[PDB]
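Heads up, the thing below is written out as structure tokens.
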């Protein structure tokens, strides 16, 4: 976590490498990892909640991920 | 789906010179057209049966690999698969895994055989670590006296 002069450390997925991550629209995040995705939204202050999670085809290793603002 | 009259009608209609050539060359017979067509269908069918099941070429897509992906998939679904876990309890865990659907949908027995072979290799490695541990314990020079 980043703030002015305040740099601190903190859910999500810490057990797998992250191919990609990006912000979607307003106040939403998605984290794409090799095995599965995560759709994360902010809740409160230090909390976040995944509204949905994806597999790849049905259970493979995702090669790559890219994104746009809403896409 | 192909009778000789239908195969002929396709080539009778277009008036195809390669078909007609059998009637025009003196070393071929006009009824040899049917013999060639039967032999070409029989060779194609024989080669489709061999190709879709057992390829006689190289660098394609046969079986084999499905075992390597399945043996890997069993390490992926449970890390360090227990030597007392059975083939019928590992199957509902991996029924989510599509990799298994590729192996099971070819042969139900080969899945059980690969479950036995993978678990048996782990059980041998589990014995070797235990026997090496017992050997290191006995090698300790507690030469008791008095």
query = Which of B:1, B:115 comes first, and how do the rest follow, when ranked by fewest Cβ neighbours within 10 Å?
reply = B:1, B:115
request  = Under 19 Å from a label point 7 Å along Cα→Cβ of residue A:36: give me every residue in the stretch B:61-83 with its amide N that close.
outcome  = B:73-80
task = Sort B:30, A:39 so the one with the fewest other Cβ atoms within 10 Å of its own Cβ comes first.
result = B:30, A:39
note = A chain fully extended from residue B:25 to residue B:65 at 0.36 nm per residue, minus the present Cα-Cα distance, gains in nm 9.4 nm
query = Of the residues B:118, B:100, B:13, which exhibits the maximal mean-square fluctuation in a Gaussian network model of chain B defined by a 10 Å Cα contact cut-off?
reply = B:13
query = Cα centroid distance between the stretch B:98-137 and the stretch A:1-47, in Å?
reply = 38 Å
Residues A:2, A:60, B:65 arranged by fewest to most Cβ contacts within 10 Å = A:2, B:65, A:60
task = Label the protein assembly as shown by shape, choosing from rounded, prolate and oblate, from the square roots a ≥ b ≥ c of the eigenvalues of the Cα gyration tensor; if a/c is under 1.5 it is rounded, and otherwise prolate applies when a/b is larger than b/c, oblate when it is not.
result = oblate
query = Once you put a point 7 Å from the Cα of residue B:57 and another 7 Å from the Cα of residue A:23, both along the Cβ direction, what distance in nm separates them?
reply = 5.2 nm
request  = Would you calculate, for chain B, the mean residue ellipticity at 222 nm contributed by helices, counting each DSSP H stretch of 4 or more residues as -39,500 (n - 2.57) and dividing by all residues, to the nearest 500?
outcome  = -22000 deg cm²/dmol
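Each reported figure results from applying straightforward, stated rules to the coordinates on display, with no laboratory input. Counting neighbours? That spans all protein chains shown, and the Cβs are built from the backbone with ideal geometry, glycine included.
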